[PDB]
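Backbone-built Cβ (ideal geometry, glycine too); neighbour counts: all protein chains shown. Just so it is clear, none of the values below were taken in a lab; they were calculated from the coordinates.
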Amino acid sequence: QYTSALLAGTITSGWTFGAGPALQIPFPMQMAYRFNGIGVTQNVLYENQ
Amino acid sequence: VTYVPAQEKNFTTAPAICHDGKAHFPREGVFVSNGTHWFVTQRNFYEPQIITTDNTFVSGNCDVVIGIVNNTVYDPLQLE
Amino acid sequence: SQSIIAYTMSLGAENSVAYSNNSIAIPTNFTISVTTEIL
Ligand SMILES: *[C@@H]1O[C@H](CO)[C@@H](O[C@@H]2O[C@H](CO)[C@@H](O)[C@H](O)[C@H]2NC(C)=O)[C@H](O)[C@H]1NC(C)=O
Ligand SMILES: *[C@@H]1O[C@H](CO)[C@@H](O[C@@H]2O[C@H](CO)[C@@H](O)[C@H](O)[C@@H]2O)[C@H](O)[C@H]1NC(C)=O
Ligand SMILES: *[C@@H]1O[C@H](CO)[C@@H](O[C@@H]2O[C@H](CO)[C@@H](O)[C@H](O)[C@@H]2O)[C@H](O)[C@H]1NC(C)=O
Ligand SMILES: *[C@@H]1O[C@H](CO)[C@@H](O)[C@H](O)[C@H]1NC(C)=O
Ligand SMILES: *[C@@H]1O[C@H](CO)[C@@H](O)[C@H](O)[C@H]1NC(C)=O
């Protein structure tokens, strides 16, 4: 149950449920953020989703 | 000593903002809407701003982005 | 009026999220918290 809670917090709120209150966000946008973290722009994901 | 957000508010988003045959992805921050007009704001605070051509970088064809939304972007060069 | 009871543990407060295809939640205020740690 704890594992399921940790897993379900990751797919609907990104990493925002770690710092404070959980804020919803769509998964394509969360992946765009994670791609931006690597050092590649969002348009690459939005073209090859 | 730490920093913690508070007082969240629901909004409406869109991956891109399609002007004349282009895509116009944001540079930093989401594309949020009140219920009528679109704004670009930071990720951890609420500071809405007008969609001007310096807050957004453009590359696309307005065909491959799923969930795109129609709106007009502004530029400070046409006026002057 | 006082006694010893036995209960099963509660893992935490029951909460649910409101995922949708187009919805964001952006904070408009913050707070400063000072915790402590001992080693
Ligand atoms: C969003 O805007 C685009 C263009 O700004 C619209 O594209 C139109 O597509 C139809 C169907 O092919 C054409 O008949 C129109 O001429 C196009 N518009 C223009 C200005 O050329 C698109 O339909 C808009 N989407 C929505 C949901 O309104
Ligand atoms: C969308 O964002 C607008 C900000 O430009 C808000 O417009 C308001 O419009 C009235 C007049 O119609 C102004 O008097 C007011 O100052 C404000 O600019 C609008 O409220 C907002 N949409 C929603 C649903 O709140
Ligand atoms: C963000 O949260 C602050 C406290 O966590 C708010 O400050 C409060 O302000 C009231 C007066 O309005 C004080 O009485 C209170 O002690 C506290 O200092 C702050 O207003 C709030 N920001 C917004 C925009 O609501
Ligand atoms: C967003 O809407 C959902 C719908 O019920 C609600 O549960 C949630 O609290 C809202 N988010 C807020 C008010 O920050
Ligand atoms: C998101 O889009 C899909 C497209 O098939 C749809 O089935 C789903 O209901 C949408 N999400 C919500 C919350 O309506």
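Things to note:
Residues checked against (1) closer than 23 Å to residue A:45 by Cα; (2) in contact (Cβ under 8 Å) with a residue 60 or more places away in the chain; (3) loosely packed, with under 11 Cβ neighbours inside 10 Å:
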{"position": "B:29", "(1), (2), (3)": "yes, no, no"}
{"position": "B:39", "(1), (2), (3)": "yes, no, no"}
{"position": "B:45", "(1), (2), (3)": "no, no, no"}
{"position": "B:79", "(1), (2), (3)": "no, no, yes"}
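- Tallying residues that are without any contact (Cβ under 8 Å) to a residue 40 or more places away in the chain, crowded, with 19+ Cβ neighbours inside 10 Å and within 16 Å of ligand 2 (Cβ to nearest atom) within the stretch B:1-25 yields 2.
This table checks each residue for (1) within 12 Å of another protein chain (Cβ to nearest Cβ); (2) away from ligand 5 (no atom under 16 Å from the Cβ); (3) not acidic (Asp, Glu).
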residue: B:1; (1), (2), (3): yes, yes, yes
residue: B:9; (1), (2), (3): yes, yes, yes
residue: B:27; (1), (2), (3): yes, yes, yes
residue: B:47; (1), (2), (3): yes, yes, no
residue: B:61; (1), (2), (3): yes, yes, yes
residue: B:66; (1), (2), (3): yes, no, yes
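- In the stretch A:1-26, residue surrounded by the fewest Cβ atoms within 10 Å (Cβ to Cβ) [restricted to those that are closer than 24 Å to residue C:28 by Cβ and more than 7 Å from every other protein chain (Cβ to nearest Cβ)]: A:18
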